[PDB]
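Fold and contact review
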Amino acid sequence: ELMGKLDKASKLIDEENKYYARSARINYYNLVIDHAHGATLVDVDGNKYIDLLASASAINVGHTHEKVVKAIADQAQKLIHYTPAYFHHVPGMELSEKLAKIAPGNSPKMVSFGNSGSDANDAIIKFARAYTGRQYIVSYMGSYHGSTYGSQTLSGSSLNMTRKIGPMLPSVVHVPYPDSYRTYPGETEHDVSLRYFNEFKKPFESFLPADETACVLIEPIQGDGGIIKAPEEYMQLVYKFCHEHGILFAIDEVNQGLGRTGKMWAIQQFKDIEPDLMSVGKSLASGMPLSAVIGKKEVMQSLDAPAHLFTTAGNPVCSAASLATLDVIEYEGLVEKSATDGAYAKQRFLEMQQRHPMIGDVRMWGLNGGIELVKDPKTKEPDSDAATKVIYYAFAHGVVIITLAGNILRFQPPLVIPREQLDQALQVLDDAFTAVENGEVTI
Amino acid sequence: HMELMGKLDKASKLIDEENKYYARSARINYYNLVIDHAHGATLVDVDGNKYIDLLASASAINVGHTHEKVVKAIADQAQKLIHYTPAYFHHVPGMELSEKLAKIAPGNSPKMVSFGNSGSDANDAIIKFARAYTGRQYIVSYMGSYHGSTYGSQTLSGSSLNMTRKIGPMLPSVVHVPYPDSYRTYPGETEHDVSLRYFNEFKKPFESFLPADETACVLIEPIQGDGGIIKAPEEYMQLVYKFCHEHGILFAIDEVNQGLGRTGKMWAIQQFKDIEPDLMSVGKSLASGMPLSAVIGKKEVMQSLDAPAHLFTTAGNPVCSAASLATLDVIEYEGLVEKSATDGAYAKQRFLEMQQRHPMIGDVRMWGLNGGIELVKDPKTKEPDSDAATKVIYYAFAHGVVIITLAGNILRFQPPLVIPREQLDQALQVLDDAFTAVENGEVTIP
Amino acid sequence: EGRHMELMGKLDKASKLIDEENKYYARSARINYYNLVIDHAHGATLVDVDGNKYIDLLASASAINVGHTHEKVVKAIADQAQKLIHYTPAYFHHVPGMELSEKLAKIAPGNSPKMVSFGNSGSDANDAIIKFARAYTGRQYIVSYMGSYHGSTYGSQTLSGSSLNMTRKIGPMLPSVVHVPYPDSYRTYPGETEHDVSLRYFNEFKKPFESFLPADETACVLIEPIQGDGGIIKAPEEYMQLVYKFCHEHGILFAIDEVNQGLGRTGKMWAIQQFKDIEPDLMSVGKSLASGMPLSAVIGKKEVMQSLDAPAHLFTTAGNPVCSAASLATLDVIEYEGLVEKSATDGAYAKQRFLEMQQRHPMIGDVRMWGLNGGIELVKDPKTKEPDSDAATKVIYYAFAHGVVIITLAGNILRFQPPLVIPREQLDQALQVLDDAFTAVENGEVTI
Amino acid sequence: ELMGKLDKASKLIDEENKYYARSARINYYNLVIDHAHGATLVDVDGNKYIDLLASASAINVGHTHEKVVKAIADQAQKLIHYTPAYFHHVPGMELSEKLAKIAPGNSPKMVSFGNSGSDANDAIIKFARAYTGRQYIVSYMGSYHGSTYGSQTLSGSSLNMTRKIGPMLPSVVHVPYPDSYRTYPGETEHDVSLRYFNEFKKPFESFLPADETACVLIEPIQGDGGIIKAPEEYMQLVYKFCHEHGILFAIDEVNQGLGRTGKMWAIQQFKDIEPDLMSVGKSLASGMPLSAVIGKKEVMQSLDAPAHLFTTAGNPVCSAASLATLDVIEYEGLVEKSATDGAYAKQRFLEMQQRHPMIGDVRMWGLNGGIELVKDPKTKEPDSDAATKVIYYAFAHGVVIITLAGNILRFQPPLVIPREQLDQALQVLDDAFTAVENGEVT
Ligand SMILES: *Cc1c(COP(=O)(O)O)cnc(C)c1O
Ligand SMILES: *Cc1c(COP(=O)(O)O)cnc(C)c1O
Ligand SMILES: *Cc1c(COP(=O)(O)O)cnc(C)c1O
Ligand SMILES: *Cc1c(COP(=O)(O)O)cnc(C)c1O
């Protein structure tokens, strides 16, 4: 009877499925969105929903923000596109300057635009190789960096990102990302840091010369990996190791940047780290396609054209949408709001944890959380069946939420989400856990 | 100098600042053009100078700048939904578009679509799908090709050494073959001789180290864009197509530059007889310069992967999809395919007549409103004359006409397909004047 | 100083010969320890061009399991050479190569039908394991280990993990290779048991498969059942069984490198026989196979060895008939002299001797021994386990100056691999020299 | 009858085929060799043959040469092996010094030993990369460089060297080797050279930066490709190109060195070319496993240990066999004999070609030839069926010969082959051409 409510959607999707490749979408629900605003979504059948996904953190300023809508409309009347690969336009020039300056740290930076976070990570590999003269790249297990052949190789969060499409880009080595939940009994944060740093070093102590490694790319908090934040001390060791060996230290801020964590950049959750290179995307232009690689000037001067460029990257309408997006973040104080509401949301989920033992771990840094569900607190066996039931319930009760790794609830609403609506959604999740416990949810 | 800094005062100041912040590898520089607004084939810079656009942002503006139908599609969609990722959910403009692209692609076999943001990423998808469907690893692409700037597409490319230097190793198991050149040919060669010679070169890796039975795909621009506006001969293309079918290698085309009416047919591959690709990449003009791309392939090939093998968060953005639907409406309603064909025939005649008076013009190549005017120091040696081409385009810019080069010495002719005959004639006279000026030593580049 | 001059006086012809060779022979082709120029040798005794003799505790890196210039091997070589020095098996056939390929198929571990292909080197047999694994499974990925040594051809060198100088300056290396950590039972976390070590290392093994590396696209795991160059480090039984079962569950071929540890070095014929009921899909053999004449083999289950057509894997001089004759002789010697049992017996005795040394010499942090095959790991402190390469270099230098040839692994580990024939009297003389060396180093008597 | 004469060999082979991988041999005949000497082979059934293959040019000094036999036996009694990867021995030291000096050109060289020509070509890749700091390698279609992952990637002579075993080594590019037989109507050698040099430049003009190319590896004459020699002018153009762009120029002398061509090194067939790197093998130790990479000293200093070394490489027995092999070449004048006997053989095969038009091209440099058989002299269509019948006939008449590329007879006897035996084998091949002409062979 939920299917009675999704009649136009179901019929649209059945036809879409005949034309649109199945590898292009991770399927959860029959949700065909007609319009949206803020944290509210409306489907083609008229159902309304609170967005706790923000399109995978691409909608930090909320849907259809009036400043961004106007920026897009106004720019499109003047110039829809001229490629910055050849020429110049004012929105692109203002934005590239602004990005260089608001990027973390005070060393002089330069920028190159792309369309996607994926291509910004391809760029990280190019610039690191060119600047250093070295070929090897280190990235993490559990990472997500995108879907172009460079970024895809770096990634480690899906087997379907490797199957059937190899050989991948050569000279990439994956190391394990610090997991602070499934630890050895008794380990402190210090023990975890040292153990993962020990694993980090083992390739460098065997087959991988540190002196031929161009860069380490790391998510300061892993997004698709499950909302997992590296310990402070682990990050400082990696940082120092890179500096000591002449390896560039690169970050991926595509998911966790632009105020998601309650600082501007996820890397600001750590003390005094300035990356050599960083990728930005997702929220940058409120979901219009735009990305950037930002790096220390000298690194960004290591390539000649046309080593890294795209016809529609730095599109003027996208750039205008991004200038408006950044202004909203600043004017509406969304970095601070993320920190405030994240602290609140954490406390709420931790209280839910006391009553709902299926909740193994609550990870939250700003309005940005992973709620991990396990069958048992000692074995920490993932309970994906429970998580699916929770999200299916939420969906049927007007709350859009998805999972990471099968058993982790992904919590990334628009940073603008009104308290009232955040509380409504949180109550719906409480109800969902209760309902699942009483076996009342049927897939 | 006083005169150019007079016309370009504000542009030069803005560019000097931009250069402190924007990486040099991100732009191929020709001239101090900062565009404020534009419409149809008219560009206006921030100083108020007006230009006729003979580049269409590298054939991304087939429908002309700020086409009202597209601008309205963008504003109206933006008010409803700027974005929700089709990597998780669904929206109507994207569903309408994906079905439409599946149907308008060349040939009658059932197709499916996957969106990206760039022609680059659609070429990476071609590798991924061809490898998954065939279970083979090797990819064959062309010298002189341009497929993009992601690690897959950039490996397949062959038009700039700066696309390989300092950044390898590149994607493994890619082999480059030479693209047929019908200008610098051996004495006495016919088109048949050229086709057979290039085909013989195509075969040599397959007769040596490259197993045809382990080759997933051959990727070809039916006409090379960045390579110089070079069209493969009919017979050569038929030979490769047949070779692919006989060995179970997917035959893939890149229509990112040459598609959507550029050549005077909807797809450049329709310049050849009865060829239906297994896979094809689309981009550039698809959404009037808004970032959108697609990989389109035979159904059974597109079913060979599971999620999330190929997807991007902002690909199939609803605003871009709305723009593309509007763009495809314009092409049809305004008969732009036919207009490119008629104006193409006309432009080729005008440039052939210019070649009679201006022997620096070695070769006039044109298929639709889509030409390469190749300049040379001597008609018999055919030695490239890049200095002359640079002077021509600099003269042109100073006289209100935006045009750039391919390979140093080839004038690139790709106006918006909507270009009014009156502006096309103005721009052609400017070029004619340009050739005269360079001939008389009246152009000196600072 | 006076002493150094004295030593160098006994090496006068050798030093002069080496100085000239250094003008023509590339530095990357040798890891230098001593001015040792061998004139002749027999058994475990080496004789240099200056007339000094030495007890061999290296056996040319376990290539001389049957001892030097074994009469039977010399005779095989000489008699074969008279008949046919070479005809390549890449085209034609000869009886010594036919006899030997059949014998190797049969003496390989396990009772599944096998086939063989010859190489010249342990390196090229490991390239072959990549080739055959990829071809049989239709999968591209190869998993090997940190700390491994598999050779110096581009495939085998990529799989390796024991020297940075095997990657520096020569990449890109062979693609689709992933390296995993090998179980270290010495430097462990406080209070870990062998069971804890086995689970922790297997957990690490699984991480790539749980991340970026599809098990269903992994052609093979290649493992040394005991790592040689990595330090004489044996995988725990439980770890090995986990990896073996994982491979079979996912259709990944399980391959072993026996080039160093095979042919009776561990006191079983094959080092994988140190484990319960494990039969490899593929294995590489080398080193001692032909008493140091260049020969190798890849040995695999029949259906794996049938996955390729000619000439996917062949070398003009592999399966040379003089090398083959040497190898048939060498295998006879192993059998007829009972060297597998002698390795085990002498290995047990040497282990006790080194354990008793360790009671008196706390610089000995770990004594690892499986057969006449040991790593004696020297450390600055028993609790920190910090490596003491300086102490180790001093020990082997003292040994060399006192008639015993022994080298190190990883800087700080004494490599103990004498020819398996070594007479007890000699084995005992060598052991006393090492005991003496420890004492000398403790008392500051050795200067490098 | 033919199978009657090979009773024991056939049963032996059936048995060996159960145990020895099929990928390890290219099968031609049921030939199981018992003993051999000079250019004479004797099988296990007692049949004798004249060797026109020399084990793929590994037996330049003839089988079981007394000097090599004695060197092997004398050295085995002293020391069978001690690895030069750690220590030293005199035969190895004398040989590395000697090879450094007899290699082509006057610049100071250094040497590193391997076991196989394959491993020496892997080393060319290593050293070129390490010395130049560049990654790309250029090699040729039609080439054969070996069966290790490096050398096998460089190779271009067999599809079964690529199938099923990829990905291969990355950053390798293949270019077409000049074909002087199947040319465009009217082409001169100058035209051939310039056209092939044009194709050589195409990758460097498109995707492959000459400034990131570490080396070009070339067979001065391609062996397995069909006995095909690059024109002089083409080689000079490549050589100059390499020097102008800082690319190492490397040669593979594994098949064509050690006197095979009638000069010591095949590259000496060209004017004043000194390679930066070169691979040596095959005949080096009379078929005992030994190889070398020889390069200009500064190139060979670019790597540290243990970047390239093998346990059994530079084995002292193989080393002694090599020293003796090199002495034979000098003391029996085998470089000149290959030149003189090669001129003689070329004239005989050219005279055969006048009477046997199935003979499309006669290529010969030294005692080293490719006799290419075609269905028609104008079309040049390959006739692998005629070549198969020729070599089968030969085998049945006491002459061992094989093919390259299906239709090219491979003519590489030991350089010592006595004139009586060379005339006898030439007449057998002339009879074979007749038999095949008359439809007498199946
Ligand atoms: C989403 C994401 C990307 C990829 O961005 P796309 O725009 O989908 O190409 C890269 N990195 C991280 C951490 C991400 O979450
Ligand atoms: C422009 C172009 C591409 C790449 O498109 P981007 O949108 O710049 O990634 C691909 N192929 C051809 C033929 C092109 O001209
Ligand atoms: C020595 C060794 C090899 C290499 O053998 P070479 O003959 O030197 O190529 C391979 N594997 C292991 C375990 C070794 O010890
Ligand atoms: C035979 C050959 C090789 C390989 O030598 P192996 O000893 O078989 O590895 C290399 N190059 C050439 C030109 C050859 O003829």
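Residues numbered from 1 in each chain as written, not as in the entry; some residues may be left out. Chains lettered and ligands numbered in written order. Heavy atoms only, no water.

The next point concerns the overall build of chain C. Along chain C, the regular secondary structure elements total 14 helices and 18 strands. Here chain C has a C-alpha radius of gyration of 22 Å; the compact-globule value for 448 residues is 22 Å, and the two agree. A principal-axis box enclosing the C-alpha atoms of chain C has dimensions of 65 × 60 × 45 Å. Looking at chain C as a whole, 69% of its 448 residues qualify as buried. When contacts within chain C are restricted to residue pairs at least 6 apart in sequence, those whose partners lie at least 24 apart make up 73%. With the model as given, the accessible surface of chain C reaches about 14000 Å², and the carbon-plus-sulfur share is 50%. (Helix = DSSP H or I, 4+ residues; strand = E, 2+ residues; numbered from the N terminus. Rg over C-alpha atoms; globule rule 2.2 N^0.38 Å. Buried < 20%, exposed > 50% of the residue type's maximum accessible area, 1.4 Å probe, protein only. Contact = heavy atoms within 4.5 Å. Areas by Shrake-Rupley, 256 points an atom, 1.4 Å probe, with all protein chains shown as cover.)

Another aspect to go through is the site of ligand 3. In the vicinity of ligand 3, 14 residues are found, and the nearest of them are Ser-123, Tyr-149, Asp-257 and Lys-287 of chain C together with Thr-311 of chain D. More than one chain approaches ligand 3, the contributing ones being chains C and D. Interatomic distance of 3.1 Å between a backbone N/O atom of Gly-122 of chain C and an oxygen atom of ligand 3. In this structure, a nitrogen atom belonging to ligand 3 sits 3.0 Å away from a main-chain N or O atom of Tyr-149 of chain C. In isolation ligand 3 has 380 Å² of accessible area, and contact with the protein removes 98% of it. Ranked by residue count, the leading element in the shell around ligand 3 is helix α6 (residues 122-137) of chain C, at three residues. For the shell around ligand 3, the per-class residue count stands at three nonpolar, seven polar and four charged. (Near = heavy atom within 4 Å. Polar contact = N/O pair within 3.5 Å; in protein donor to acceptor, adjacent residues only side chain to side chain. Nonpolar A, V, L, I, M, F, W, Y, C, P; charged D, E, K, R; others polar.)

A separate point is unusual backbone geometry. Of note, the amide linkage connecting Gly-168 of chain B to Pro-169 of chain B takes the cis form, showing an omega dihedral of 5 degrees. Of note, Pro-169 of chain B is situated in the loop between α7 (151-156) and β7 (174-177). With an omega of 0 degrees, the peptide bond running from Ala-305 of chain D to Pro-306 of chain D counts as cis. Position of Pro-306 of chain D relative to the elements: it lies in the loop between α10 (297-300) and α11 (316-331). Of note in this structure, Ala-405 of chain A is not a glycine but carries a positive phi near 55 degrees. Of note, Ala-405 of chain A is situated in the loop between β16 (402-404) and β17 (408-411). Since its relative accessible area comes to 59%, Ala-405 of chain A is described here as exposed. Phi angles above zero are rare outside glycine, and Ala-56 of chain B is one such case at about 50 degrees. Turning to its location among the elements, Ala-56 of chain B is positioned in helix α3 (residues 56-59).

This next bit is on the domain arrangement of chain B. Residues and elements named next belong to chain B. Under the domain assignment, chain B is made up of domain 1 (1-66 + 335-446) and domain 2 (67-334). Between domain 1 and domain 2, the C-alpha centre-to-centre distance is 26 Å. Contact residues are listed per partner, giving 36 residues for domain 1 and 32 residues for domain 2. Note on domain 1 versus domain 2: buried area summed over both sides is about 2700 Å², and carbon and sulfur give 52% of it. Contact with domain 2 buries surface across domain 1, with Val-63, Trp-367 and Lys-382 losing the most and accounting together for 24% of the total. Linking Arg-184 and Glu-374 is a salt bridge whose minimum nitrogen-to-oxygen distance equals 2.9 Å. (Domains from an automatic or database assignment. Buried area = accessible area lost by both parts, 1.4 Å probe. Salt bridge = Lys/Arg side-chain N within 4 Å of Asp/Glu carboxyl O.)

Moving on to the site of ligand 2. Around ligand 2 there are 14 residues in total, and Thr-311 of chain A together with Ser-120, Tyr-146, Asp-254 and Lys-284 of chain B lie nearest to it. Ligand 2 is flanked by residues contributed from chains A and B. Contact between ligand 2 and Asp-254 of chain B: a nitrogen atom at 2.7 Å from a side-chain N or O atom of the residue. In this structure, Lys-284 of chain B approaches ligand 2 through a side-chain N or O atom, which is 2.6 Å from an oxygen atom. Protein chains bury 99% of the 380 Å² of accessible surface belonging to ligand 2 in isolation. Broken down by element, the residue count for the shell around ligand 2 peaks at three residues, all from helix α6 (residues 119-134) of chain B.

What follows deals with the environment of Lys-98 of chain A. Counting through the fold element by element, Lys-98 of chain A comes out in helix α4 (residues 90-102). On a C-alpha basis, the gap between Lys-98 of chain A and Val-111 of chain A in space is 9.7 Å, while along the polypeptide they are 13 residues apart.

All names here are of chain D. Where strand β2 (residues 40-43) lies against strand β3 (residues 48-51), three bridges are found, and the strand directions are antiparallel. Residue pairing across strands places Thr-40 opposite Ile-50, the latter belonging to β3. From the end of β2 to the start of β3, which pair antiparallel, there are four residues, and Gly-46 there has a positive phi angle of about 95 degrees. Of the pairings in the sheet, the one linking β3 to strand β16 (residues 399-400) comprises two bridges and is parallel in character. Within β16, the position partnered with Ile-50 by the bridge is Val-399. (Pairing = 2+ DSSP bridges.)

For the rest of this paragraph, the subject is the UniProt feature "binding site: pyridoxal 5'-phosphate" in chain B. Feature annotation in UniProt places "binding site: pyridoxal 5'-phosphate" on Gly-119, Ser-120, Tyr-146, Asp-254, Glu-255, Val-256, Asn-257 and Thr-313 of chain B, given in this structure's numbering. Taken along the chain, the residues just named run across 195 residues; in space they spread out, the farthest C-alpha pair reaching 24.8 Å. By the secondary structure assignment, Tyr-146 of chain B is in the loop between β6 (138-142) and α7. The residues touching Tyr-146 of chain B, leaving out its near neighbours within four places in the chain, are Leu-309 of chain A together with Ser-157, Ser-159, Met-163, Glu-221, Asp-226 and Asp-254 of chain B. Checked against the element boundaries, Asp-254 of chain B lands in strand β11 (residues 250-254). Not counting residues up to four positions away in its chain, the partners in contact with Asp-254 of chain B are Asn-123, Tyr-146, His-147, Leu-219, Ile-220, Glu-221, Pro-222 and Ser-281 of chain B. (UniProt positions renumbered as here; feature names shortened; annotations may be inferred.)

This paragraph deals with the sheet that holds strand β14 (residues 369-373) of chain A. In sheet architecture, strand pairing relies on hydrogen bonds along the backbone and comes in two forms, parallel and antiparallel. Residues and elements named next belong to chain A. Pairing in this open sheet of four strands is antiparallel, and the strands run β13-β14-β17-β16 from one edge to the other. Edge strands, defined here as strands with exactly one partner in the open sheet, are β13 (359-364) and β16. Here the strands of the sheet are splayed against their neighbours by 30 degrees on average, with no regard to which way each runs. Pairing of β16 with β17, which is carried by three bridges, proceeds in the antiparallel orientation. Bridge pairing in β17 links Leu-404 to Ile-408. The sheet strands contacting helix α11 (residues 334-355) are β13, β14 and β17, and the helix crosses β13 at an angle near 175 degrees. (Axes fitted to C-alpha atoms, helices over the stretch in contact; angles between N-to-C directions.)

Here we come to the UniProt feature "binding site: pyridoxal 5'-phosphate" in chain C. Residue and element names in this part refer to chain C. UniProt's feature table lists "binding site: pyridoxal 5'-phosphate" at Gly-122, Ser-123, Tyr-149, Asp-257, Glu-258, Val-259, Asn-260 and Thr-316, given in the numbering used throughout. If we skip the residues at most four places from it in the chain, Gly-122 touches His-150, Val-259 and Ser-296. Along the chain, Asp-257 turns up in strand β11 (residues 253-257). According to the relative accessible area criterion, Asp-257 is buried, its value standing at 5%. The contact partners of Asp-257, leaving out residues within four places of it in the chain, are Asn-126, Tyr-149, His-150, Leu-222, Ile-223, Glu-224, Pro-225 and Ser-284. Polar contacts involving the side chain of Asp-257 include one to the side chain of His-150, which spans 2.7 Å.

This brings us to the interface of chain D and chain C. Each side of the interface is counted separately: chain D has 118 residues, and chain C has 117 residues. Across the interface of chain D and chain C, roughly 10100 Å² is buried in total on both sides, 62% from carbon and sulfur atoms. Among the residues of chain D in contact with chain C, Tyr-19, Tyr-86 and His-88 of chain D are the three that bury the most area, contributing 8% of the side total. Counting across the chain D and chain C interface gives four salt bridges.

Our focus in this paragraph is the domain arrangement of chain C. All names here are of chain C. Domain parsing of chain C yields domain 1 (1-69 + 338-448) and domain 2 (70-337). Computed from C-alpha coordinates alone, the two centres of domain 1 and domain 2 are separated by 26 Å. Taken together, both faces of the contact between domain 1 and domain 2 bury some 2700 Å²; the carbon and sulfur share is 52%. Linking domain 1 with domain 2 are two salt bridges. A salt bridge links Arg-187 to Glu-377, with the shortest nitrogen-to-oxygen separation between them at 2.8 Å. Taken together, the connections running from domain 1 to domain 2 amount to 29 residue pairs in polar contact.

Residue and element names in this part refer to chain A. With six of six residues buried, strand β12 (residues 291-296) is to be regarded as a mostly interior element. Relative to β12, strand β4 (residues 109-114) runs antiparallel, the two sharing six bridges. Residue pairing for β12: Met-110 is matched across the bridge by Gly-295. The pairing of strand β11 (residues 277-280) with β12 spans four bridges and is classified as antiparallel. In the strand pairing of β12, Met-278 is matched with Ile-294.

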